[PDB]
Amino acid sequence: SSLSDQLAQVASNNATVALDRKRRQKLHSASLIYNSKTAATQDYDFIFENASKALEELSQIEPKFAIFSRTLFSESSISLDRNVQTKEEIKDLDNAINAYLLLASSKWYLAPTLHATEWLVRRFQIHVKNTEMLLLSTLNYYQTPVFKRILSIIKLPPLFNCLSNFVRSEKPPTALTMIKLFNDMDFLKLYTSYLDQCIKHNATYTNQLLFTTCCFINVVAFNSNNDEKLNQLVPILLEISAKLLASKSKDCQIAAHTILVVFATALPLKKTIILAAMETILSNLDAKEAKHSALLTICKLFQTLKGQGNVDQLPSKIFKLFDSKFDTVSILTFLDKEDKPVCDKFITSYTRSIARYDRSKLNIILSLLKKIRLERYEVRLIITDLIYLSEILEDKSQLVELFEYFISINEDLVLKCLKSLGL
Amino acid sequence: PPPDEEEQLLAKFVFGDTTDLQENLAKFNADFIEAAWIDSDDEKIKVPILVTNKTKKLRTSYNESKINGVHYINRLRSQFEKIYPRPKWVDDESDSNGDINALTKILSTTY
Amino acid sequence: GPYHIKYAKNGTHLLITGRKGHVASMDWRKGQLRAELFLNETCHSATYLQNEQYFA
Amino acid sequence: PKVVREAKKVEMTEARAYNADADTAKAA
Amino acid sequence: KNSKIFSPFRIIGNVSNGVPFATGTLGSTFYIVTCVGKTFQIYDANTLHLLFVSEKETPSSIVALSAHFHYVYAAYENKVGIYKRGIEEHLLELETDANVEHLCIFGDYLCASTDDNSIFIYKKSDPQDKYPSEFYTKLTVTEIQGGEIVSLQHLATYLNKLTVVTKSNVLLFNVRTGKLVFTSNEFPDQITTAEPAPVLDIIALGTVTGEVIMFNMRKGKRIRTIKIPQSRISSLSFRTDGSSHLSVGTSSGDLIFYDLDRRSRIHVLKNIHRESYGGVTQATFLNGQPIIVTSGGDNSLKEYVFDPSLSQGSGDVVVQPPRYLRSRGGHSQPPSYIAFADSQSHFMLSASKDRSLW
Amino acid sequence: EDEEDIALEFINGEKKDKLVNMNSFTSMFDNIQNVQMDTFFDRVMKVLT
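Each chain carries its own residue count, running from 1 in the order of its written sequence; this scheme can depart from the entry numbering, and residues that have no coordinates do not appear. As a convention, the first chain written is A and the first ligand written is 1, with the rest following in written order. Here we see only some chains of a larger assembly; the values are for those chains and no others. To get the side-chain values, take all heavy atoms of the structure and skip hydrogens and water. Residues with missing side-chain atoms are left out of burial classes, side-chain pairs and their counts.

Per the deposition metadata, cryo-EM was the technique used to determine this entry, at a resolution of 4.4 Å.

Per the PDB entry, chain C carries the name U3 small nucleolar RNA-associated protein 7 and comes from Saccharomyces cerevisiae.

Looking up chain A in the PDB entry gives the name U3 small nucleolar RNA-associated protein 10, with the organism given as Saccharomyces cerevisiae.

(A) Structural view of the overall build of chain A. A tally of helices and strands in chain A yields 27 helices and zero strands. Only C-alpha atoms enter the radius of gyration, while the globule expectation follows 2.2 Å times N to the 0.38, with N the number of residues. Relative to a compact globule of 423 residues, whose C-alpha radius of gyration would be 22 Å, chain A shows 30 Å and is clearly more extended. For chain A, the C-alpha atoms occupy an extent of roughly 100 × 50 × 40 Å along the three principal directions. Counting contacts in chain A only where the partners sit at least 6 residues apart, residues at least 24 apart contribute 62% of the total. A run of H or I in DSSP becomes a helix once it reaches four residues, and a run of E becomes a strand once it reaches two; helices and strands are each numbered from the N terminus. Contact criterion: two residues are considered in contact whenever any of their non-hydrogen atoms come within 4.5 Å of each other.

(B) Structural detail: the overall build of chain C. Each helix and strand in chain C was counted, giving zero helices and four strands. Going residue by residue from the N terminus, the α and β elements of chain C occur as β-β-β-β. For chain C, the C-alpha radius of gyration of 11 Å lies close to 10 Å, the compact-globule estimate for 56 residues. With respect to the three principal axes, the spread of C-alpha positions in chain C is 30 × 20 × 15 Å. Taking contacts inside chain C between residues at least 6 apart in sequence as the whole, the part at least 24 apart equals 12%.

(C) Here's a closer look at unusual backbone geometry. Of note, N202(A) is a non-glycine position whose phi angle comes to about 65°, a positive value. Note on placement: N202(A) falls in the loop between α14 (186-201) and α15 (206-222).

(D) Layout of the interface of chain F and chain A. Of the residues lining the interface, six residues belong to chain F; the matching set on chain A comes to six residues. Residue type decides the class: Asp, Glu, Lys and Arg count as charged, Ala, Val, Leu, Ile, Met, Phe, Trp, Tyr, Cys and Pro as nonpolar, and the leftover types, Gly among them, as polar. Residues belonging to the side of chain F that touches chain A are distributed by class as follows: four nonpolar, two polar and no charged.

(E) Structural view of the environment of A39(A). All names here are of chain A. Considering the arrangement of structural elements, one finds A39 in helix α3 (residues 36-41). Between the alpha carbons of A39 and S349 there is a distance of 68 Å; along the sequence they are 310 residues apart. Other than its neighbours up to four places away in sequence, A39 contacts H28, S29, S31 and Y34.

(F) Just the interface of chain B and chain A, in detail. At the interface, 10 residues of chain B touch seven residues of chain A. Counting residues per element, the side of chain B that touches chain A draws most heavily on helix α7 (residues 102-109) of chain B, which supplies three residues. Looking at the side of chain B that touches chain A residue by residue, the classes come out as seven nonpolar, two polar and one charged.

(G) Structural context of the pairing of strand β11 (residues 118-123) of chain E. All names here are of chain E. Two strands qualify as a pair provided DSSP detects at least 2 bridges between them. Where strand β10 (residues 109-114) and β11 come together, five bridges link them in antiparallel fashion. Among the inter-strand pairings, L110 is bridged to a residue of β11, identified as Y122. Taking the residues that link successive antiparallel strands as the turn, the β10-β11 hairpin has three residues, and the phi of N117 there is positive, at about 60°. Strand direction decides the pairing type here: β11 and strand β12 (residues 134-140), joined by six bridges, are antiparallel.

(H) Representation of the sheet that holds strand β29 (residues 335-340) of chain E within the structure. Residue and element names in this part refer to chain E. What the three strands build is an open sheet, ordered β29-β30-β31; its pairing is antiparallel. Sheet topology places β29 and β31 (356-357) at the edges, where each strand pairs with a single neighbour. Sheet topology note: the β29/strand β30 (residues 348-352) ladder contains five bridges and is antiparallel. Paired with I338 across the strands is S350, a residue of β30.

(I) Local environment of the packing of helix α17 (residues 234-246) of chain A against helix α18 (residues 250-266) of chain A. All names here are of chain A. With their axes 7 Å apart at the nearest point, α17 and α18 run at an angle of 155° to one another. Here α18 runs roughly antiparallel to α17, going by the angle between their axes. Note on packing geometry: the crossing formed by α17 with α18 is left-handed. Judged by residue contacts, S241, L244 and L245 of α17 engage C252, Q253 and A256 from α18. Looking at the contact of α17 with α18, its residues break down into four nonpolar, two polar and no charged. Axes, fitted as lines to C-alpha atoms, cover a helix only where it is in contact. Angles between the N-to-C directions of the axes lie from 0 to 180 degrees. Note on terminology: angles under 35 degrees are roughly parallel, angles over 145 are roughly antiparallel, angles of 65 to 115 are roughly perpendicular, and the others are oblique. If you view the pair so one helix is near and one far, a crossing is left-handed when the near helix is turned anticlockwise from the far one by less than a right angle, and right-handed when it is turned clockwise.

(J) Summary view of the arrangement of the chains. Taking C-alpha atoms as the reference, chain B and chain F come no closer than 22 Å and do not contact one another. In this structure chain C stays clear of chain F, and the shortest span between their C-alpha atoms is 43 Å.

(K) Representation of the sheet that holds strand β22 (residues 245-250) of chain E in the model. All names here are of chain E. With respect to topology, four strands assemble into an open sheet ordered β21-β22-β23-β24, the strand pairing being antiparallel. Two strands in the sheet have a free side with no partner beyond their single neighbour: β21 (233-238) and β24 (264-269). Between one strand axis and the next, the sheet turns through 20° on average, direction left out of account. Examined bridge by bridge, β22 and strand β23 (residues 255-259) share four bridges and lie antiparallel to one another. In the strand pairing of β23, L246 is matched with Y258.

(L) Fine view of the packing of helix α4 (residues 44-61) of chain A against helix α8 (residues 111-124) of chain A. Residues and elements named next belong to chain A. The contact between α4 and α8 brings their axes to 8 Å, and the two run at 135°. Judged by the inter-axis angle, α4 sits oblique to α8. In terms of crossing hand, the pair formed by α4 and α8 is left-handed. Two secondary-structure elements touch here, α4 through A51, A54 and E57 and α8 through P112, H115, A116 and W119. Taken together, the residues that form the contact of α4 with α8 break down as five nonpolar, one polar and one charged.

Printed below as a string of structure tokens:
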């Protein structure tokens, strides 16, 4: 390539180095709270005193910051520099810095965290060396003056061209532009990596999770047209869904529920994939409002399933698991509620499973079919499995009363099925 | 005589050593937020080294010139590890109520 | 064509001359680019003379 | 503005390998 | 039947016909050897010029190929030819009546394999010579140990051992004394492709079902199993820049890139070789460079690259999908009409029956 | 009756479902700030149907 371009690359490699006094004054005057002149004049020591006071306040709120007080905020942390050390110690510093940003992600509207992060900014040059974790751990706060300050400071990586246009102005970016950013693809991959590490360190918060799920749902909502784009988007979003369910909080699990339901209604998936997702939900379901959300999204999953084998039964282990996590009286009451999501496909599959697998709770089958109005082909399907259960099982007055209910409702259909097989 | 703890502390401060901070960053964890066949001729064999560039790389001391098989093949293993690095997957992993990983498993299966 | 090199005395400005017409004078450290000239005639050798401001 | 995708050039850099002709050897 | 006015000059405009090609290393560059009909050709790897072509047509069509440094080893029907720069330097008359199927070249040895489970071992004469020339011995593969011979490799660091992969198991041979010294256990499928790793004692077997089986040999206990469904795996290769990338090429014409450290499907290429002409018969990563080269049976040799990533810190999790790069090839079905171009006789128009003109 | 009669029963018994087009989500970006996750799910399911 050309000489000018290669010198531009060497300049980018030497962004951080403070060669002459002009470059030092520039790099120093870049800072977070203070404006130009005052940021230029004040010294590391005064910065570090302010930082230490802020860190004592933060450890008073929560004790996880004794680590950074021990390591990144001491006397050698005054003395040291990035641009002197060997690359492996550099990688260890990047490890500790990313730990800091992850752990301070959940306090960003407080002057204490603001000041300690200004220490990291004005000594470890993080706003030039590793801007990625700064932007991504501070993304959801996208209407706040602290984010406006970081936009006026930072130098963007070539994944963020939208914010790269919005740098250095008076208006915060808009949700449309955020949705452009998340409509990009490699950025989606990078965000999955960050969220994976965040879960595996087990520190998320509600606004963080809410912003993530709203961005993902709008991304799929835009891409409702290009099916090939949805097909290349499936592994990304569903693997973030699987890790998010693997987390142990009600917050994580409910968020993953919303992502799954909007994806399932946006694109018709395969039945085995649907069953695997249900298997994860049931295998990690823990709390009460979690049970509520899980039942709703399971219902919507089987509802948006449409194809051959639409009304097939649950496989055995799945059916045992589902009943065990879902006692029958609870789902009865949920049916008795007023909100009443559409439920016919899933409920018919459930009762056909109870028929072929349980062989006892036909009375509960009777009451469920009492409470909900179903469809014609479903009625014939129920009738088929009940007919075969009659032809095998030793007879029962409960089976008598069930067929009595069907004679009271659609006896001609019953006789049609007997004309298919029987008397 | 070796100096005690306060003398160590003052020494580290006044000389401005940063080895403590480096070992602290090193120990920094976001943890908390045989064989089955033998080769008789390979144990019997005696091969030379000094023929050319390759085994004269494999040499270890300046006096030795002929090395038998088990040390030879062990040296070759060391040399191969020098050239091609070892990745962590082959140093660690083996595949060995329903679980959690079923969704990711079916996702990695289907195209 | 083939290149010939002279660093300035301050160690801070690189002067390169190709054998064909290329002459470049750069800071090389923070990657500024002071001067670039594509002389066609065969340029043979080069040096900064007193600063990074005058070069022959 | 979105992400720019300038696929930059490629250079077949140098490499290193292994050699079976020094894997093998001779009887005594 | 001889001629008296014309004489055969060369057969123009071919690259491959589906016989698995080989990659050879010189100094620190590379080159590609392929075979067409009764001859073989040698191409460049940085600019894809035509560097060499054989100068004697063979009495049969060439079936097996491999390459050491300068010499290239070709194997037609019964003999084995050892070529240098396309000039025929040596014959190698085999002492059987069978046909020779696969080939390996390592150390003081050449290993040739026919169809009837017969492994011929040629020894180097004196280590100051460059190719083996003396007949040495004849191992056999009895049916009670394993079925038909599939391929022959040689792992890193195994003194006079040889790796035979058969239909049902793998064998570790000691060629010095001449004893089968290790056998593995029967595998339920038909093993079709083999490749050693850039790590020690690790071999890779590709079956007819979508199983990539990463196998140990110092222990003999298949480490990893990766599944591709609804295809028959046709070749494997490893990346060696320093990432954990594995490249699998099916017969249906796709291409799939996994990572081992993440168990992941990084990417997939769709229809780069036509299944109606034999499928992806050889796909190889060049050693330690972000360059992959594929060759089909549809008379086509392409090579792609991996782009260096767009993250700054993260990197190996956000890897660019591959892009397209150099390519040579010609007709698929035999051509139908030609004509010359001008009175310097330079360009040849030709339109073929797969609906294109070059 | 016939299999095609079964299929026609099946089709005409298949009810109607709401889809999701391109701008059916901005309201969450309006009021995302200080509301709980389950109530957010309620908003999303209600927008879906």
